[PDB]
Structures are given as structure tokens and as C-alpha cells.
file data20.cif (mmCIF, C-alpha atoms)
data_input
#
loop_
_atom_site.group_PDB
_atom_site.id
_atom_site.type_symbol
_atom_site.label_atom_id
_atom_site.label_comp_id
_atom_site.auth_asym_id
_atom_site.auth_seq_id
_atom_site.Cartn_x
_atom_site.Cartn_y
_atom_site.Cartn_z
ATOM 1 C CA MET K 1 6.484 -24.886 -0.635
ATOM 2 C CA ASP K 2 5.034 -28.294 0.232
ATOM 3 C CA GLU K 3 6.652 -29.923 -2.801
ATOM 4 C CA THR K 4 3.115 -30.396 -4.118
ATOM 5 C CA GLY K 5 4.560 -30.845 -7.595
ATOM 6 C CA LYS K 6 1.299 -29.827 -9.249
ATOM 7 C CA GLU K 7 1.485 -26.404 -10.897
ATOM 8 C CA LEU K 8 4.503 -24.126 -10.472
ATOM 9 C CA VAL K 9 5.017 -20.681 -12.000
ATOM 10 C CA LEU K 10 8.079 -18.446 -12.294
ATOM 11 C CA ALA K 11 7.923 -14.649 -12.139
ATOM 12 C CA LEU K 12 9.585 -12.794 -15.014
ATOM 13 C CA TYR K 13 9.032 -9.231 -13.805
ATOM 14 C CA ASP K 14 8.735 -7.540 -10.412
ATOM 15 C CA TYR K 15 5.345 -6.936 -8.798
ATOM 16 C CA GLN K 16 3.888 -5.558 -5.566
ATOM 17 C CA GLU K 17 0.779 -6.373 -3.532
ATOM 18 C CA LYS K 18 -1.730 -3.569 -2.969
ATOM 19 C CA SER K 19 -4.232 -5.613 -0.960
ATOM 20 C CA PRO K 20 -3.824 -8.118 1.904
ATOM 21 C CA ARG K 21 -5.279 -10.768 -0.404
ATOM 22 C CA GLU K 22 -2.637 -10.400 -3.115
ATOM 23 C CA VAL K 23 1.002 -11.485 -2.895
ATOM 24 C CA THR K 24 4.276 -9.723 -3.690
ATOM 25 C CA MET K 25 6.457 -11.431 -6.296
ATOM 26 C CA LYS K 26 9.783 -10.638 -7.965
ATOM 27 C CA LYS K 27 11.588 -11.619 -11.167
ATOM 28 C CA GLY K 28 12.921 -15.076 -10.353
ATOM 29 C CA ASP K 29 10.439 -15.966 -7.622
ATOM 30 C CA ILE K 30 8.530 -19.255 -7.563
ATOM 31 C CA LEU K 31 4.823 -19.515 -6.753
ATOM 32 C CA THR K 32 2.353 -22.401 -6.557
ATOM 33 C CA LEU K 33 -0.370 -21.929 -9.170
ATOM 34 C CA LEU K 34 -3.559 -22.595 -7.205
ATOM 35 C CA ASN K 35 -6.087 -21.180 -9.671
ATOM 36 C CA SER K 36 -5.456 -20.167 -13.283
ATOM 37 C CA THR K 37 -9.098 -19.867 -14.337
ATOM 38 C CA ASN K 38 -8.321 -16.286 -15.358
ATOM 39 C CA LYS K 39 -5.793 -15.004 -17.893
ATOM 40 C CA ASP K 40 -4.957 -11.639 -16.329
ATOM 41 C CA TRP K 41 -5.184 -12.360 -12.601
ATOM 42 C CA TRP K 42 -3.608 -15.674 -11.602
ATOM 43 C CA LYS K 43 -4.146 -17.173 -8.147
ATOM 44 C CA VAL K 44 -0.887 -18.495 -6.696
ATOM 45 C CA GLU K 45 0.198 -19.636 -3.234
ATOM 46 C CA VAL K 46 3.294 -18.450 -1.371
ATOM 47 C CA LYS K 47 5.145 -19.357 1.825
ATOM 48 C CA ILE K 48 5.683 -16.835 4.620
ATOM 49 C CA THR K 49 7.906 -17.737 7.571
ATOM 50 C CA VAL K 50 6.879 -15.733 10.637
ATOM 51 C CA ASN K 51 8.344 -16.321 14.097
ATOM 52 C CA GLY K 52 9.751 -19.640 12.918
ATOM 53 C CA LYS K 53 6.273 -20.589 11.729
ATOM 54 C CA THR K 54 5.650 -21.353 8.054
ATOM 55 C CA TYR K 55 2.369 -19.877 6.823
ATOM 56 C CA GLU K 56 0.457 -20.547 3.604
ATOM 57 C CA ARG K 57 -1.798 -18.231 1.599
ATOM 58 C CA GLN K 58 -3.028 -17.686 -1.959
ATOM 59 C CA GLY K 59 -3.047 -14.316 -3.698
ATOM 60 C CA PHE K 60 -3.821 -12.815 -7.098
ATOM 61 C CA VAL K 61 -1.020 -11.704 -9.419
ATOM 62 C CA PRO K 62 -0.478 -10.467 -12.999
ATOM 63 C CA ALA K 63 0.060 -13.518 -15.205
ATOM 64 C CA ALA K 64 1.580 -11.211 -17.820
ATOM 65 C CA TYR K 65 4.425 -10.708 -15.347
ATOM 66 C CA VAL K 66 4.912 -14.434 -14.753
ATOM 67 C CA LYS K 67 4.919 -17.737 -16.636
ATOM 68 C CA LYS K 68 4.318 -21.467 -16.194
ATOM 69 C CA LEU K 69 7.222 -23.760 -15.308
ATOM 70 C CA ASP K 70 5.984 -26.661 -17.432
#

call {"tool": "encode", "arguments": {"input": "data20.cif", "output": "C-alpha cells"}}
result
Amino acid sequence: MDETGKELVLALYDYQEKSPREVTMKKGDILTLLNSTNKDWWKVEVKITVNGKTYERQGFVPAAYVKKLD
């Protein structure tokens, strides 16, 4: 969450990540739309705080389970 203010998306339904490349989202979660070239698999970025260290990473998720903020 670097207040990029570019492309934000809100999750409507719950989802889980099967691979280390994907990301786990839940109904009400906010993700940073990095790549929306696809219609089924959307590439979003999330923030993971580990050991007091904020980490960034982009993963694929079901667009049908989420929506665009604007």
C-alpha cells in the first residue's frame, strides 16, 4: 500500500492462493491492480508485513471474485 493511487480493486468474495505466485484475498480486501490484461486472472499487488518489514508482491486472482474501485 504505497498510496500509488493508480488502480485499486476490492474483493467481493473470498479466495485462496494455491501457488506461491498467487495471493490470498477476502471479501472486503483491497489490492493494487498491477495488470488487468486478462479478464479471468487479474494481476494485483499486496502488502505483507514480516518481522516488521513490509514486503511487496504481485499475484494472480479471480476477477470474477473482485471488482474495480473506480

call {"tool": "resolve_selection", "arguments": {"input": "data20.cif", "expression": "the PyMOL selection byres ((chain K and resi 48) around 12)", "output": "VMD selection string"}}
result
chain K and resid 1 23 to 24 31 45 to 47 49 to 58

call {"tool": "closest_residue", "arguments": {"input": "data20.cif", "among": "K:19, K:63, K:70, K:4", "to": "residue K:42", "atoms": "all atoms listed in the file"}}
result
K:63

call {"tool": "residues_near_point", "arguments": {"input": "data20.cif", "point": "(5.0, -16.2, -16.9)", "cutoff": "9 Å", "atoms": "all atoms listed in the file", "output": "VMD selection string"}}
result
chain K and resid 9 to 13 62 to 69

call {"tool": "atom_distance", "arguments": {"input": "data20.cif", "atom1": "atom CA of residue K:39", "atom2": "atom CA of residue K:15"}}
result
16.5 Å

call {"tool": "atom_distance", "arguments": {"input": "data20.cif", "atom1": "atom CA of residue K:14", "atom2": "atom CA of residue K:60"}}
result
14.0 Å

call {"tool": "axis_aligned_box", "arguments": {"input": "data20.cif", "around": "stretch 2-5 of chain K", "padding_each_side": "4 Å", "output": "lines of an AutoDock Vina configuration file"}}
result
center_x = 4.9
center_y = -29.6
center_z = -3.7
size_x = 11.5
size_y = 10.6
size_z = 15.8

call {"tool": "atom_distance", "arguments": {"input": "data20.cif", "atom1": "atom CA of residue K:61", "atom2": "atom CA of residue K:41"}}
result
5.3 Å
